[PDB]
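Q: Structure below; questions to follow.
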There are 4 protein chains.
Amino acid sequence: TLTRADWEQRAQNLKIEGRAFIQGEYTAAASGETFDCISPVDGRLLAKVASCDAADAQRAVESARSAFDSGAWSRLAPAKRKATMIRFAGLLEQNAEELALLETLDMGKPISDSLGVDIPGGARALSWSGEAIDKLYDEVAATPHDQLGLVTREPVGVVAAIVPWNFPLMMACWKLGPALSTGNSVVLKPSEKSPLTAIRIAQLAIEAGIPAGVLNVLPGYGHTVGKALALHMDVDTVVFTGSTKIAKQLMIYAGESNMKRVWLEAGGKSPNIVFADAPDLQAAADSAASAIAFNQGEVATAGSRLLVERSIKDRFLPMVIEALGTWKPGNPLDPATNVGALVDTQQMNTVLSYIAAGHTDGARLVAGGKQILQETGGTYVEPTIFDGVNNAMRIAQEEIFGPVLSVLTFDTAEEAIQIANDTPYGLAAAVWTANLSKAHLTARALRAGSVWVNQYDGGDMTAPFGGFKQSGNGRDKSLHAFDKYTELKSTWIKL
Amino acid sequence: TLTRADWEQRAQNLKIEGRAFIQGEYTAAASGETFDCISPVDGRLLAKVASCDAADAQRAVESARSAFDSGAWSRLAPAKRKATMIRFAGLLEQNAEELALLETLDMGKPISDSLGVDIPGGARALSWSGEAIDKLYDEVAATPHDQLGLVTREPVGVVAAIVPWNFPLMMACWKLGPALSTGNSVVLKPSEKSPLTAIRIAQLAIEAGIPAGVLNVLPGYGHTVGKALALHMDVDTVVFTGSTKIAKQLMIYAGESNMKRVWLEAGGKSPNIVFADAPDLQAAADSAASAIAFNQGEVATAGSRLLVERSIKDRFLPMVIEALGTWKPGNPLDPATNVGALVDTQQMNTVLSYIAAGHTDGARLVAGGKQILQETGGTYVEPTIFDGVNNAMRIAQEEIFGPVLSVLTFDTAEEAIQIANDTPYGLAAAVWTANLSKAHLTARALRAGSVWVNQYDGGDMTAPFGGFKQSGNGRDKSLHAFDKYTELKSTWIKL
Amino acid sequence: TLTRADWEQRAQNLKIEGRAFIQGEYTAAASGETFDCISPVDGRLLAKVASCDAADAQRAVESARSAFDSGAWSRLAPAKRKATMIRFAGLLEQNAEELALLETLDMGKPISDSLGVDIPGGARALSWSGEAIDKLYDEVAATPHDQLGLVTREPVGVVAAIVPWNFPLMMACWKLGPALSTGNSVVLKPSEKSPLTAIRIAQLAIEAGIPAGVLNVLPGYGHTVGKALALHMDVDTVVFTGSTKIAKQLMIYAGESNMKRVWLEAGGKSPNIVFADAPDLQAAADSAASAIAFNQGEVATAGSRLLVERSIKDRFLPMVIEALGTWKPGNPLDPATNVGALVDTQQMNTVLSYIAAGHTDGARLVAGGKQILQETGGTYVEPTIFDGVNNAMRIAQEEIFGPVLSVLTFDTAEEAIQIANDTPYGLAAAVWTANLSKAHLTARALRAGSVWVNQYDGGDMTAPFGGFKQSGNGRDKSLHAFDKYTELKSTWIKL
Amino acid sequence: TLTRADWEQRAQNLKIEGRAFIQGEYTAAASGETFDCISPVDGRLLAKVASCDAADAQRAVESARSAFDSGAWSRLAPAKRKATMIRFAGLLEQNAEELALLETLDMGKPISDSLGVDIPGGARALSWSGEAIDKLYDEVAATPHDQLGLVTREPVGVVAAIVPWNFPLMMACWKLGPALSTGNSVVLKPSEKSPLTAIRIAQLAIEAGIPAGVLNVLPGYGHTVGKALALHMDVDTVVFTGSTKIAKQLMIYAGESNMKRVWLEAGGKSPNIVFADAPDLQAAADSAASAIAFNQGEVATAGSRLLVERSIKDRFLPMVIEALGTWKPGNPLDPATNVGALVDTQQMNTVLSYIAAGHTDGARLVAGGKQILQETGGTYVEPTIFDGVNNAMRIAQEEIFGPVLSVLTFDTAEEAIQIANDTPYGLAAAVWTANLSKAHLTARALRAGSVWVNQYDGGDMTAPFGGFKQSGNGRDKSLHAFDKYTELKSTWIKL
Ligand SMILES: NC(=O)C1=CN([C@@H]2O[C@H](COP(=O)(O)OP(=O)(O)OC[C@H]3O[C@H](n4cnc5c(N)ncnc54)[C@H](O)[C@@H]3O)[C@H](O)[C@@H]2O)C=CC1
Ligand SMILES: O=C(O)Cc1c[nH]c2ccccc12
């Protein structure tokens, strides 16, 4: 296992690709323009990254359409797409240390998180979706003796995948795993905040046997190359993870253009509900802390509203505070670090503005509240807890996307449910109770795509993942993620 | 069987409800405004129908939300919803002769059509959907021993259904069936061109045991109450059948509103591909004629592009022409009538303007081509055929929505596919051939939601129905229709 | 509601068919032999029932094969079979009062039982099975592009169903429902102890539109016509509910015959596990009493082993005892009667001999324990409880098939499972506890086909039913029941 | 690629294990007895193989029961059983040349068949079933709001797998892949004719991470160790592939003992039906030859009745004869050989007795008929064709299990169907036609588990495989094979 010094040497010794990837080749943007990729770790210049626009989009869509029409991947045998997808995942694992290090330098998460959560997680999404292609079965209808009716699925065609920066490789693999498996071509627009891992893996896909043009990568700004894709006339489906504001704008784009399919995964204000009869109080405290502190609160499913029953609130809130103190911001290149940098100064000041709004709304600060380690030139905020929060307050309604917990109270399960669902979101939620009926009945009433019971951030590749309401449409991971990339056909045959 | 005279008297003795239906009662629009419901049969004024606006949408959606939250329907046991759903169908079949009379009078299709296709059709969508409720199963994932991972479906909440006028009852039941069966509340916006059946079955649902507020009906204009419903912020899902141009608009409204779910059934330019080696040319010719004549050619899955292998086109065309002669417009209240009125003056002049375009385009008119029965006080076009159409032509590329055939020819099976897929649409297509290989391979390359082989207008309630590309997203009929009215939840339980 | 007097007259005025049913007509056995059908209510002679033998099996199976091969049923469209199947159910509900009277008179269960459980129960198995026919889908495999791989189901052919006497109509419908719905032909051998309902619904099926020969009924003895059917070489599948000792025999016959398929529903010694922390002790006590009293304890899923946490056994037992007092044998033709006659003199002396064994075994009798109502001319045992039973005891290990409770105690949840799984059986079990973890983990370790939690006699038509180990193979009810009446075919088509 | 001399050197240099494997260790039979393993290639002594009996069975079942109860594999996480199963398959591929060579020396098939069909095929069955564990989902019922009903599958417990000698490693992997995946313990009784590969892989499983006792291997005679397993009281399910005679006797064993589950895969007389409109006549001829010649006719799905339409029979039968001549018996250690030895002299003389019976029945010999290469001390029979065969004849009814083709005629498809189904078997069948309707309609009418169209021996791991009628119960390969190793449980929970 590598020391801190070991990692800082590796970061020095990287040659970092910054070019786009189109038709099996790395390429500049047609303008030749670039944008600067700056690390949140120290502030250094990682690379000069190609800044793509509509022309670069049009080139990539033509490469996607061409490759798809050729059938070189979309009609390649399903046992062979399995093999190739599994090889693709293993090449992520082969160069895990390079890819993890790129992910830490690019958006600022702890190297030990990247090495042990992100890169394994993205490979997992690829290899699992690969294992599943030939385990899937389409349907025959019950038809009269002179009819045979097939209901089959086929690749939609060309998929645009616009992903965010909080889990750059993992989120993109969550889109690529199912989309690439079902035979589609994918044009992949990573975040401007985190272009480095999507850029590197394009060569890795080619080397695994993905045919040229089946996976092109277009780094650049959302309002440029991203808009262009969402607005393109030859793009069939767009998949997306990011701000509820942009997801909504994507829908408009689709209706303004070719009426493409739009699948969104937007934000969340996920309630974490601890009941007085929780089986292990310490586990819930540890989990409540981990729910807001992990990946410096830049998590869509962050447990950002802690919902406690009064009977235990006085005993519980110190337990949470003590757990949350084990989560200390640090040098993201240090393997012992578990809280990293916020992605950029912009993210840092939104977080600090919300903390202020916590005071202004009337809540009470009980831990954190400050930016630390500014001597580094990095951007870090200590995890922060607010108490006496009321669900109408700005820090209970609006997604903060930082390590900032709100704590509310309730007396009955009917109340807890009502407060948990008093949000435009529905991405995740948690229930802690040892009572069988209360456990299941509360899971039913929670309008959230993911409901964890006696644990937080649960699920593996078998669990679908996505939101209710303004939190998204569709589900990533699992067999259901495939449905966003396929189209049902009814072949009815007279005999 | 009832005679012409019989229906003429029955029509005269109908008493027609025109009101909207909210919270278990008939009602006016808040404004008190109405619009004249005019029958294309002879100008007869059927009734003065409520002209609802945004104020009424808000009343209805408030009603829906209360009903849904109360659980009277949404948490009523599956098997009980099933029985209710089947009774609902039963009441359609009980009032079949009135409902069919309303259909024919409001939008001008033949009464024998209405009695024999629409009412049984919409009834079955209600009953088959109810039959399947308790036959469904949600999933249990392969988890480690200390986990229980449930993957379940829940109703989204309140569903807005905006439905077209070509099949007023049945198109609505395609939505009501699954949407009501999954336990949602529905606000149903019928066509201003055809409100009568939707208005009517509202009472019928109450009587079947549907609770007040679970199904509310709002007659009125697309650009008033229809646009308000898709812009409403407490409407979780919108489902829509109709024009591609308006379907695009709903995607935009959703983006502008609450990021609600948007399922679209839109336009169509479906190809009918007849190979020389087709088993029965007579059968292919009668069905080619039926494919464009039935329901006045106002069918989204109409076979408006007839693609013929040149090697038989000199022989096949007269068989199509002669077959089409048996489809003759007449009194829609005559049981003998197989072609009815067009829906209004507006619709007739689109059809007539496109026939004019055909001559402009360079096409040869070989059958029909005129407006008929001007004496009636009603709107009628003869089934019309254009020969020598080139796929780039206007009457080939654009949907006409009347009895207008475009006849194209092809030298290879590959040419047949290029031409078939050379459209922004993908609702349906058909393939006539007795070759086992040619049939299935051609079916695969057709980017259409429904592919009929050696038949036209194939499938029953077990076959999904919907488009590729700009013809829509999602499927009506079958078990897949249920997906557009539910939301997936992953309940991961640590043990 | 009909009165005691009412049923007494109705019974007296019944005219009872006793004949067998082959090829659409009632008939005698070839021999002309009959056997006396004697009512356990008072010795009354209901009718002289056809005593069929191998000659009749061959006639019936010849009939079945012709019907099946003709296709009148086996290749009739799914949706048409569905309607027929539902009408069949309809005719059971139409003649519910006669059918129930027959059930109660033939095998001596309370008329309120028959009217309210058996007839609706068997009716629903017929209707729910018919409802699901067209809701099923067969599969399409992920193949290379030049292949089409269908995976479909077809009816096996002619099914022999030999059914027990504890639930004569419903147990038969559990087989008829799916077996008829998948389109097989059935030869149904009711119990010699209870032929009347099976004989009767044969007419009813003809009238529902079941073709002649598709359902044939052969009353008679297990060791004559029953053994012949399972030994017959044109019978593709045999399905059987009844004794473990006879179920073993059918496996042997199949080996000796045509290697036909053998699906078994057999014996039971199901455990009822009551933890101290159960939510409602009253609810657990009433249901423990119901679990052994209902239907005279002649239930395979009867809760004959009541496993109690010692920490509540001194408190819980009187609640079970007192509850059991409300179950009192009486006139089975009295609507007030909740415990009926035992099925015959033979059955009564097994129950009485096992009660004697209980005293021999070392158990303490705390309730009941006697034969009752000797004056009636009929066979009755009081619901009986033994306390201090050790799991090795005879009355613990062997099925008694009467109202006889054995009460055991346990110190740990692990002990509760050891004792529960310490039996050759695995039909059912239940677990009372309010702990979320204890409930689900205990449910997993119970090697039983049905596990009921915080309730007894759980499930509806959607839940599979059948044993682990020597209680059987395969499942009745749900969609899985259909698997025992179909055969899978892989049609791989090269293109 | 290895030469013939290269392989004969390797066969000299093998140390060959002949011991049983029980509880992670190789072990003698409790008697110390052995039997001689003699190669059909030259006649040499391969090893002295442990001859197991009931005591060795009892030891192995205790090891299986113990390992299963410990949960060390049956409750190990499904993603980890996937990993282990895939590692197990890769160790087959790592030592493919040793394992293929053992398979060729032990039962006499061509080394190039073993290396390229058998060993890849068995690894494929293991790795595929491994990939599929966490792609499988159990079910939640549609239940009232106060009920949650799970339908889950669990490992049956202890599985006995008795496999034949025609594909020793592949057939055993077809049982092991699904049985080991679902968590069961497997006791594996290979053929006495082919013990070597099952013996070797036991170490390979241990080395892949299969826990000790989860896979024990018991070589020895069917009437000894095999009978004992089938008769054992603590064996839950028996799976089997072999003679219809023994399969039937296994059923008797199960009923004589513990009423265990019995899954059988017995013989076949598979019709290969070539129609005059077959798309490629030469392909059908080549396939018809390959259908009987491949693996020297020792194939259950061997195309042993060629069904030809008269119109082409005179043109077709020479084409088959010419193809069949390219299939020449040879030294099984030669890589160019494609027909090997019959397994033993006993097999050789059954084949020769049937060839004689061909003449006696009245058929006419047109190719082969003789034993050749006796100078070798090996046992070889040249592929043989009989013409003018009638379905009543002994070589058209009785399975030969040699390279012996029967050829019959027909004039209509109704006739062909009738002759194809005029058999007690139903394992496979083939249809050759370019006509769409005839292709599908004939596949429907064929009572066979596998129906190939325009190809023979089709299917991959996605296609189930098993028989109708006396040809077996259940299906190997695909997701359905898992059902023989699991048990359904209905967990119904009141809330
Ligand atoms: N198409 C198919 O599925 C196959 C059919 N066969 C048929 O079987 C013969 C050749 O193969 P065999 O191995 O002799 O079939 P078989 O049924 O005699 O042998 C199958 C396996 O069980 C056997 N066995 C025999 N008696 C047993 C008993 N009393 N209890 C338990 N197991 C017992 C053997 O030990 C072997 O491991 C014929 O030549 C024939 O064609 C054989 C293999 C495959
Ligand atoms: O079971 C058999 O008799 C052999 C067999 C079935 N399917 C096969 C595919 C490839 C090679 C051999 C077989």
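Following the order of the structure tokens, chains are lettered A, B, ..., residues in each are numbered from 1, and ligands are numbered from 1.
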Only residues of chain D matter here; which ones have an atom within 8 Å of chain B, counting only C-alpha atoms? Give them as an MDAnalysis selection string.

A: chainID D and resid 75:78 133:145 150 152 434:437 439

Q: Let me see the file: selected residues, C-alpha atoms, as a PDB file, in the first residue's frame.

A:
ATOM      1  CA  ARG D  75     -25.289 -18.419   2.509  1.00  0.00           C
ATOM      2  CA  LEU D  76     -22.165 -16.938   0.935  1.00  0.00           C
ATOM      3  CA  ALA D  77     -23.001 -13.712  -0.871  1.00  0.00           C
ATOM      4  CA  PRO D  78     -24.276 -14.142  -4.453  1.00  0.00           C
ATOM      5  CA  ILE D 133     -26.786 -15.763  -9.955  1.00  0.00           C
ATOM      6  CA  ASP D 134     -27.067 -12.071  -9.222  1.00  0.00           C
ATOM      7  CA  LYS D 135     -29.011 -11.414 -12.415  1.00  0.00           C
ATOM      8  CA  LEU D 136     -31.916 -13.482 -11.037  1.00  0.00           C
ATOM      9  CA  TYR D 137     -34.857 -11.930  -9.164  1.00  0.00           C
ATOM     10  CA  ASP D 138     -37.502 -13.528  -6.947  1.00  0.00           C
ATOM     11  CA  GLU D 139     -41.008 -12.012  -6.673  1.00  0.00           C
ATOM     12  CA  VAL D 140     -43.282  -9.802  -4.556  1.00  0.00           C
ATOM     13  CA  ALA D 141     -46.970 -10.519  -4.847  1.00  0.00           C
ATOM     14  CA  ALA D 142     -49.771  -8.048  -5.418  1.00  0.00           C
ATOM     15  CA  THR D 143     -51.208  -8.138  -1.894  1.00  0.00           C
ATOM     16  CA  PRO D 144     -53.477  -5.883   0.194  1.00  0.00           C
ATOM     17  CA  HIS D 145     -51.830  -2.930   1.916  1.00  0.00           C
ATOM     18  CA  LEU D 150     -42.497 -12.755  -1.016  1.00  0.00           C
ATOM     19  CA  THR D 152     -38.367 -16.607  -3.116  1.00  0.00           C
ATOM     20  CA  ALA D 434     -37.641 -21.698 -46.385  1.00  0.00           C
ATOM     21  CA  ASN D 435     -41.410 -21.242 -45.980  1.00  0.00           C
ATOM     22  CA  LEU D 436     -42.248 -19.054 -42.985  1.00  0.00           C
ATOM     23  CA  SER D 437     -45.590 -20.624 -42.103  1.00  0.00           C
ATOM     24  CA  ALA D 439     -41.363 -23.489 -40.506  1.00  0.00           C
TER      25      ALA D 439
END

Q: Can you list every residue in region 91-329 of chain D that DSSP puts in strand (DSSP E or B), as a VMD selection string?

A: chain D and resid 138 to 141 147 to 155 158 to 162 185 to 189 215 to 217 237 to 241 261 to 265 271 to 274 305 to 309 329

Q: Mind dumping the selected residues with C-alpha atoms as a short mmCIF file (atom, residue, chain, number, x, y, z; two decimals), in the first residue's frame?

A:
data_model
loop_
_atom_site.label_atom_id
_atom_site.label_comp_id
_atom_site.auth_asym_id
_atom_site.auth_seq_id
_atom_site.Cartn_x
_atom_site.Cartn_y
_atom_site.Cartn_z
CA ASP D 138 -37.50 -13.53 -6.95
CA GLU D 139 -41.01 -12.01 -6.67
CA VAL D 140 -43.28 -9.80 -4.56
CA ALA D 141 -46.97 -10.52 -4.85
CA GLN D 147 -49.68 -7.86 3.56
CA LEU D 148 -46.27 -8.26 1.99
CA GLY D 149 -45.91 -11.53 0.11
CA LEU D 150 -42.50 -12.76 -1.02
CA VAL D 151 -42.04 -15.68 -3.41
CA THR D 152 -38.37 -16.61 -3.12
CA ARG D 153 -36.18 -19.54 -4.14
CA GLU D 154 -33.73 -21.36 -1.88
CA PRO D 155 -31.29 -24.24 -2.46
CA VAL D 158 -28.12 -31.95 -1.05
CA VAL D 159 -28.14 -32.82 -4.78
CA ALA D 160 -27.08 -36.15 -6.27
CA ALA D 161 -25.88 -35.81 -9.87
CA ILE D 162 -25.50 -39.07 -11.83
CA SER D 185 -23.96 -29.32 -2.06
CA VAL D 186 -23.50 -31.84 -4.89
CA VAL D 187 -22.48 -35.47 -4.70
CA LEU D 188 -21.42 -36.37 -8.25
CA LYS D 189 -21.51 -40.00 -9.47
CA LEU D 215 -18.54 -30.95 -4.19
CA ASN D 216 -17.72 -34.60 -3.53
CA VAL D 217 -17.16 -37.11 -6.35
CA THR D 237 -32.92 -33.92 -5.26
CA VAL D 238 -31.43 -36.39 -7.77
CA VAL D 239 -30.49 -35.21 -11.26
CA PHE D 240 -29.64 -37.69 -13.96
CA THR D 241 -28.77 -38.16 -17.60
CA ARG D 261 -37.05 -34.81 -6.33
CA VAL D 262 -36.13 -36.65 -9.52
CA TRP D 263 -35.03 -34.82 -12.68
CA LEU D 264 -34.32 -37.02 -15.69
CA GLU D 265 -32.70 -36.53 -19.08
CA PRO D 271 -36.35 -36.72 -36.45
CA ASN D 272 -34.45 -34.56 -38.92
CA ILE D 273 -37.04 -33.31 -41.45
CA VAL D 274 -35.79 -32.00 -44.80
CA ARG D 305 -34.22 -40.61 -38.40
CA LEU D 306 -33.78 -38.59 -41.59
CA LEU D 307 -37.24 -37.59 -42.86
CA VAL D 308 -37.13 -36.62 -46.54
CA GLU D 309 -39.79 -35.42 -48.94
CA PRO D 329 -13.10 -43.23 -37.95
#

Q: For region 349-355 of chain B, work out the shell of residues within 10 Å, counting only C-alpha atoms and skipping chain neighbours fewer than 4 positions away, then give it as a PyMOL selection string.

A: chain B and resi 297+342+344-345+359-361+363+365+368-371+379-381+384-386+394-395+398-404

Q: Next, dump the selected residues to file, keeping only N, CA and C atoms, as a PDB file, in the first residue's frame.

A:
ATOM      1  N   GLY B 297     -58.980   6.808 -43.006  1.00  0.00           N
ATOM      2  CA  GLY B 297     -57.544   7.028 -42.997  1.00  0.00           C
ATOM      3  C   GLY B 297     -57.032   7.855 -41.834  1.00  0.00           C
ATOM      4  N   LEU B 342     -65.301  12.826 -42.427  1.00  0.00           N
ATOM      5  CA  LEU B 342     -64.137  13.395 -41.771  1.00  0.00           C
ATOM      6  C   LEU B 342     -64.601  14.249 -40.588  1.00  0.00           C
ATOM      7  N   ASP B 344     -64.174  17.274 -39.242  1.00  0.00           N
ATOM      8  CA  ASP B 344     -64.695  18.640 -39.294  1.00  0.00           C
ATOM      9  C   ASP B 344     -64.297  19.270 -40.625  1.00  0.00           C
ATOM     10  N   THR B 345     -64.718  20.523 -40.826  1.00  0.00           N
ATOM     11  CA  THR B 345     -64.305  21.237 -42.029  1.00  0.00           C
ATOM     12  C   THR B 345     -62.791  21.440 -42.051  1.00  0.00           C
ATOM     13  N   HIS B 359     -50.590  16.266 -56.758  1.00  0.00           N
ATOM     14  CA  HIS B 359     -50.461  16.649 -58.163  1.00  0.00           C
ATOM     15  C   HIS B 359     -49.267  17.582 -58.356  1.00  0.00           C
ATOM     16  N   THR B 360     -49.151  18.583 -57.475  1.00  0.00           N
ATOM     17  CA  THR B 360     -47.978  19.448 -57.448  1.00  0.00           C
ATOM     18  C   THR B 360     -46.693  18.631 -57.327  1.00  0.00           C
ATOM     19  N   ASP B 361     -46.662  17.672 -56.393  1.00  0.00           N
ATOM     20  CA  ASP B 361     -45.445  16.894 -56.142  1.00  0.00           C
ATOM     21  C   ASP B 361     -44.944  16.166 -57.391  1.00  0.00           C
ATOM     22  N   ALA B 363     -47.012  13.392 -58.627  1.00  0.00           N
ATOM     23  CA  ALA B 363     -47.599  12.067 -58.515  1.00  0.00           C
ATOM     24  C   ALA B 363     -48.787  11.903 -59.466  1.00  0.00           C
ATOM     25  N   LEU B 365     -52.458  10.487 -60.051  1.00  0.00           N
ATOM     26  CA  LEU B 365     -53.668  10.095 -59.331  1.00  0.00           C
ATOM     27  C   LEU B 365     -54.385   8.977 -60.089  1.00  0.00           C
ATOM     28  N   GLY B 368     -59.932   7.920 -56.918  1.00  0.00           N
ATOM     29  CA  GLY B 368     -60.537   8.894 -56.009  1.00  0.00           C
ATOM     30  C   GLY B 368     -60.099  10.317 -56.313  1.00  0.00           C
ATOM     31  N   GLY B 369     -59.770  11.056 -55.258  1.00  0.00           N
ATOM     32  CA  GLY B 369     -59.147  12.352 -55.396  1.00  0.00           C
ATOM     33  C   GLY B 369     -60.071  13.536 -55.261  1.00  0.00           C
ATOM     34  N   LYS B 370     -61.325  13.325 -54.871  1.00  0.00           N
ATOM     35  CA  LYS B 370     -62.303  14.398 -54.822  1.00  0.00           C
ATOM     36  C   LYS B 370     -62.976  14.420 -53.461  1.00  0.00           C
ATOM     37  N   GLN B 371     -63.546  15.580 -53.151  1.00  0.00           N
ATOM     38  CA  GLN B 371     -64.513  15.707 -52.073  1.00  0.00           C
ATOM     39  C   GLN B 371     -65.867  15.190 -52.554  1.00  0.00           C
ATOM     40  N   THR B 379     -68.791  16.453 -44.311  1.00  0.00           N
ATOM     41  CA  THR B 379     -67.448  16.524 -44.890  1.00  0.00           C
ATOM     42  C   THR B 379     -66.962  15.122 -45.270  1.00  0.00           C
ATOM     43  N   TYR B 380     -66.734  14.898 -46.569  1.00  0.00           N
ATOM     44  CA  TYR B 380     -66.384  13.564 -47.063  1.00  0.00           C
ATOM     45  C   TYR B 380     -65.387  13.628 -48.228  1.00  0.00           C
ATOM     46  N   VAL B 381     -64.374  12.757 -48.190  1.00  0.00           N
ATOM     47  CA  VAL B 381     -63.398  12.612 -49.265  1.00  0.00           C
ATOM     48  C   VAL B 381     -63.395  11.156 -49.710  1.00  0.00           C
ATOM     49  N   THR B 384     -58.440   7.799 -51.912  1.00  0.00           N
ATOM     50  CA  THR B 384     -57.641   8.414 -52.967  1.00  0.00           C
ATOM     51  C   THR B 384     -56.279   7.729 -53.045  1.00  0.00           C
ATOM     52  N   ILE B 385     -55.800   7.459 -54.264  1.00  0.00           N
ATOM     53  CA  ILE B 385     -54.515   6.790 -54.465  1.00  0.00           C
ATOM     54  C   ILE B 385     -53.646   7.606 -55.415  1.00  0.00           C
ATOM     55  N   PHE B 386     -52.373   7.753 -55.046  1.00  0.00           N
ATOM     56  CA  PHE B 386     -51.346   8.367 -55.871  1.00  0.00           C
ATOM     57  C   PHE B 386     -50.297   7.324 -56.224  1.00  0.00           C
ATOM     58  N   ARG B 394     -43.678  15.360 -50.755  1.00  0.00           N
ATOM     59  CA  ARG B 394     -44.411  15.847 -49.592  1.00  0.00           C
ATOM     60  C   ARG B 394     -45.467  14.842 -49.127  1.00  0.00           C
ATOM     61  N   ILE B 395     -46.234  14.261 -50.058  1.00  0.00           N
ATOM     62  CA  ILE B 395     -47.287  13.330 -49.656  1.00  0.00           C
ATOM     63  C   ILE B 395     -46.739  11.995 -49.179  1.00  0.00           C
ATOM     64  N   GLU B 398     -44.903  13.531 -45.132  1.00  0.00           N
ATOM     65  CA  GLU B 398     -45.807  14.108 -44.145  1.00  0.00           C
ATOM     66  C   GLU B 398     -47.070  13.262 -43.981  1.00  0.00           C
ATOM     67  N   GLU B 399     -47.573  13.208 -42.748  1.00  0.00           N
ATOM     68  CA  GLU B 399     -48.797  12.476 -42.450  1.00  0.00           C
ATOM     69  C   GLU B 399     -49.992  13.277 -42.939  1.00  0.00           C
ATOM     70  N   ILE B 400     -50.900  12.629 -43.670  1.00  0.00           N
ATOM     71  CA  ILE B 400     -52.058  13.337 -44.216  1.00  0.00           C
ATOM     72  C   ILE B 400     -53.296  13.178 -43.327  1.00  0.00           C
ATOM     73  N   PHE B 401     -53.404  12.052 -42.627  1.00  0.00           N
ATOM     74  CA  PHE B 401     -54.559  11.748 -41.777  1.00  0.00           C
ATOM     75  C   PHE B 401     -55.881  11.820 -42.544  1.00  0.00           C
ATOM     76  N   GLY B 402     -55.921  11.118 -43.673  1.00  0.00           N
ATOM     77  CA  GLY B 402     -57.132  10.853 -44.400  1.00  0.00           C
ATOM     78  C   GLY B 402     -56.903   9.671 -45.316  1.00  0.00           C
ATOM     79  N   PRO B 403     -57.931   9.268 -46.072  1.00  0.00           N
ATOM     80  CA  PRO B 403     -57.726   8.106 -46.962  1.00  0.00           C
ATOM     81  C   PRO B 403     -56.859   8.480 -48.163  1.00  0.00           C
ATOM     82  N   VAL B 404     -55.540   8.507 -47.985  1.00  0.00           N
ATOM     83  CA  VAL B 404     -54.656   8.868 -49.091  1.00  0.00           C
ATOM     84  C   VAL B 404     -53.470   7.920 -49.105  1.00  0.00           C
TER      85      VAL B 404
END

Q: Ligand 1: which residues are within 8 Å, counting only C-alpha atoms and all ligand atoms, as a PyMOL selection string?

A: chain D and resi 162-166+189-193+220-230+240-247+249-250+265-268+298-302+347+399-401+427+471

Q: Would you mind listing what lies within 9 Å of residue 303 (chain A) as number ranges by chain, with only C-alpha atoms counted and same-chain residues fewer than 5 positions away left out?

A: A: 269-272, 287-293, 297, 405, 428-430, 456-457
